[PDB]
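Student: Submitted below is the structure of interest, expressed as structure tokens.
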Amino acid sequence: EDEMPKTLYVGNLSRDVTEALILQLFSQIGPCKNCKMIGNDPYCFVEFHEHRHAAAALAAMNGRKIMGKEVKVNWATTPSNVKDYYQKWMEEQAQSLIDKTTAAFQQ
């Protein structure tokens, strides 16, 4: 049926990153079902309800700076030159919501 991947690996997080901050970030891309945070550098697993939301978060979030530290996003397990301007737009949108979410994280 629909065994498409819905879980993501979110590594290279800062030790000041909260499990709730990761959940609040990825919930602004799609509704998340679970988000468990855990290696010195903490990593986290984020499960979405829909494959389309997990695939979009992977494309936009991988490579961004959460709090001055580049984050690594990938599929949790291995599943069974156009589009460049749209790829740059997604990354710019992803970095914008990271800055605004981490801004209210202190205020």
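Residues in the structure tokens are named by chain (A, B, ... in the order shown) and by number from 1 within that chain; ligands are numbered from 1 in the order shown.
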If you count only C-alpha atoms, which residues fall within 8 Å of residue A:61, apart from same-chain ones fewer than 5 positions away, as number ranges by chain?
Tutor: A: 71-73, 91, 94-95
Student: Please report, as a PyMOL selection string, each residue of chain A to which DSSP assigns strand (DSSP E) when run on this structure's backbone.
Tutor: chain A and resi 7-11+32-37+44-48+72-75
Student: Kindly export the residues of the current selection with N, CA and C atoms, as a PDB file, in the first residue's frame.
Tutor:
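Wrote it out as selection37.pdb, contents follow:
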```
ATOM      1  N   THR A   7       9.712   9.122   8.369  1.00  0.00           N
ATOM      2  CA  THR A   7      10.567   9.465   9.495  1.00  0.00           C
ATOM      3  C   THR A   7      11.889  10.033   8.993  1.00  0.00           C
ATOM      4  N   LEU A   8      12.403  11.036   9.702  1.00  0.00           N
ATOM      5  CA  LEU A   8      13.622  11.730   9.316  1.00  0.00           C
ATOM      6  C   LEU A   8      14.649  11.678  10.439  1.00  0.00           C
ATOM      7  N   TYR A   9      15.922  11.667  10.048  1.00  0.00           N
ATOM      8  CA  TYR A   9      17.030  11.840  10.976  1.00  0.00           C
ATOM      9  C   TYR A   9      17.433  13.308  10.991  1.00  0.00           C
ATOM     10  N   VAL A  10      17.569  13.876  12.188  1.00  0.00           N
ATOM     11  CA  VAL A  10      17.908  15.289  12.364  1.00  0.00           C
ATOM     12  C   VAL A  10      19.094  15.335  13.325  1.00  0.00           C
ATOM     13  N   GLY A  11      20.304  15.378  12.773  1.00  0.00           N
ATOM     14  CA  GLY A  11      21.516  15.358  13.557  1.00  0.00           C
ATOM     15  C   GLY A  11      22.291  16.666  13.510  1.00  0.00           C
ATOM     16  N   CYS A  32       3.248  16.597  12.636  1.00  0.00           N
ATOM     17  CA  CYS A  32       4.163  15.555  13.078  1.00  0.00           C
ATOM     18  C   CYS A  32       3.471  14.627  14.067  1.00  0.00           C
ATOM     19  N   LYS A  33       3.781  13.335  13.966  1.00  0.00           N
ATOM     20  CA  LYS A  33       3.205  12.336  14.857  1.00  0.00           C
ATOM     21  C   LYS A  33       4.083  12.054  16.069  1.00  0.00           C
ATOM     22  N   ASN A  34       5.402  12.158  15.925  1.00  0.00           N
ATOM     23  CA  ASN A  34       6.305  11.905  17.040  1.00  0.00           C
ATOM     24  C   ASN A  34       7.618  12.630  16.785  1.00  0.00           C
ATOM     25  N   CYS A  35       8.344  12.890  17.875  1.00  0.00           N
ATOM     26  CA  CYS A  35       9.621  13.596  17.794  1.00  0.00           C
ATOM     27  C   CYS A  35      10.399  13.283  19.073  1.00  0.00           C
ATOM     28  N   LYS A  36      11.300  12.307  18.991  1.00  0.00           N
ATOM     29  CA  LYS A  36      12.100  11.869  20.127  1.00  0.00           C
ATOM     30  C   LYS A  36      13.545  12.305  19.934  1.00  0.00           C
ATOM     31  N   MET A  37      14.096  12.981  20.938  1.00  0.00           N
ATOM     32  CA  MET A  37      15.457  13.496  20.897  1.00  0.00           C
ATOM     33  C   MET A  37      16.357  12.643  21.780  1.00  0.00           C
ATOM     34  N   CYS A  44      18.001  13.633  16.673  1.00  0.00           N
ATOM     35  CA  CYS A  44      16.575  13.468  16.904  1.00  0.00           C
ATOM     36  C   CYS A  44      15.935  12.774  15.710  1.00  0.00           C
ATOM     37  N   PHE A  45      14.825  12.089  15.975  1.00  0.00           N
ATOM     38  CA  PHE A  45      14.019  11.445  14.947  1.00  0.00           C
ATOM     39  C   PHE A  45      12.650  12.108  14.908  1.00  0.00           C
ATOM     40  N   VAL A  46      12.206  12.479  13.709  1.00  0.00           N
ATOM     41  CA  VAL A  46      10.941  13.178  13.512  1.00  0.00           C
ATOM     42  C   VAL A  46      10.086  12.353  12.561  1.00  0.00           C
ATOM     43  N   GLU A  47       8.901  11.960  13.020  1.00  0.00           N
ATOM     44  CA  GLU A  47       7.963  11.181  12.224  1.00  0.00           C
ATOM     45  C   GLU A  47       6.799  12.065  11.799  1.00  0.00           C
ATOM     46  N   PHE A  48       6.505  12.068  10.504  1.00  0.00           N
ATOM     47  CA  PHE A  48       5.377  12.801   9.952  1.00  0.00           C
ATOM     48  C   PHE A  48       4.196  11.866   9.722  1.00  0.00           C
ATOM     49  N   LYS A  72      21.994  18.335   9.876  1.00  0.00           N
ATOM     50  CA  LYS A  72      21.983  17.256   8.897  1.00  0.00           C
ATOM     51  C   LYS A  72      20.627  16.567   8.958  1.00  0.00           C
ATOM     52  N   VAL A  73      19.924  16.543   7.828  1.00  0.00           N
ATOM     53  CA  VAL A  73      18.619  15.903   7.720  1.00  0.00           C
ATOM     54  C   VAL A  73      18.701  14.820   6.654  1.00  0.00           C
ATOM     55  N   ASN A  74      18.130  13.657   6.955  1.00  0.00           N
ATOM     56  CA  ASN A  74      18.119  12.536   6.024  1.00  0.00           C
ATOM     57  C   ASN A  74      17.023  11.571   6.455  1.00  0.00           C
ATOM     58  N   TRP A  75      16.707  10.629   5.571  1.00  0.00           N
ATOM     59  CA  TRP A  75      15.759   9.579   5.921  1.00  0.00           C
ATOM     60  C   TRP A  75      16.320   8.728   7.053  1.00  0.00           C
TER      61      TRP A  75
END
```
Student: Report, in Å to a single decimal, how far apart atom CA of residue A:13 and atom CA of residue A:86 are.
Tutor: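 One can read the atom CA of residue A:86 to atom CA of residue A:13 distance as 26.0 Å.
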Student: Can you work out the spacing between atom CA of residue A:4 and atom CA of residue A:77 in Å, to one decimal?
Tutor: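 These two atoms are separated by 11.2 Å.
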